[PDB]
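Since the structure comes first, as structure tokens, the remarks are kept for the end.
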Amino acid sequence: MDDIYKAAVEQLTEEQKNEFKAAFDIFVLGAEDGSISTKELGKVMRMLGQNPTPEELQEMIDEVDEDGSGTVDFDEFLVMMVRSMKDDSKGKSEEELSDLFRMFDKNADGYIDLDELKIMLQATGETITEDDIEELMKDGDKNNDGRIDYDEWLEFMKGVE
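Going by the deposited numbering, the first residue of the sequence shown is number 1, and it counts up by one from there.
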């Protein structure tokens, strides 16, 4: 029975909502609609000022909203436990694309280059080859041309891990 969250609730106490409500109220100090970052560990880990890594985690969670509501409710977080998303959640934002697009266009040509896009993974410690990225850009296309434009960068993250 139950879909996925209605099942755990059977063996889970709703009282927990108030348990993790403290750390939440302190995190949404500035958020009026409870808009905050889900990254709990990544926050305390990056707070130490260590190597880059969690910086990207803030992006995926930035637009974790899959239902497209605008914010995440306290309850929505609880149900996220039983399911255990483990990792990942999203990639880049709608309004952010307008910035990232030009942020990667270091060639000032209007399009995106391999050394430009791949340059990102170059500063993080990825676990892939340098030439491998060459295959990624190939998919970046969308308007049929062979390069990135003011539209492909958006559809780019159509669903890549």
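Every residue, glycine too, gets a C-beta built ideally from N, C-alpha and C.
When the five nearest sequence neighbours on each side are left out, the beta carbons in the same chain lying within less than 6 Å of the beta carbon of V82 are those of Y5 and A8, in order along the chain. Around the beta carbon of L57, 16 or more other beta carbons lie within 10 angstroms, which makes this residue buried. DSSP places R46 in the helix class (H, G or I) of the three-state scheme. Counting only residues of its own chain and dropping the five nearest sequence neighbours on each side, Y111 has a CB closer than 8 Å to the CB of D105, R147, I148 and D149. Fewer than three Cβ pairs drawn from the segment 70 to 86 and the segment 44 to 52 lie within less than 8 Å of each other, which leaves the two stretches out of contact.
Taking the C-beta atoms as reference points, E55 is found no nearer than 9 Å to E96.
If one requires a minimum length of 4 residues, the alpha helix (DSSP H) runs lying completely within the segment 53 to 133 are 54 to 62, 74 to 83, 94 to 104 and 114 to 122, in chain order. For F24, the enclosing alpha helix (DSSP H) starts and ends at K21 to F27.
Sequence-distant partners of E155 (beyond 5 residues in either direction) whose C-beta falls short of 8 Å from its own C-beta, in its chain, are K142. CA-to-CA, the gap between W153 and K43 works out to about 28 Å. If you ignore the 5 residues before and after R46, its C-beta comes within less than 6 Å of the C-beta of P54, all in its own chain and listed in chain order. In this structure, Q122 places its C-beta atom within 9 Å of the C-beta atom of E130.
When secondary structure is reduced to three states using DSSP, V160 falls in the coil class, being assigned neither helix nor strand. Scanning its chain for C-beta atoms nearer than 8 Å, with the 5 sequence neighbours on each side dropped, one finds around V72 the residues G34, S35, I36, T38, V64 and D65, in chain order.
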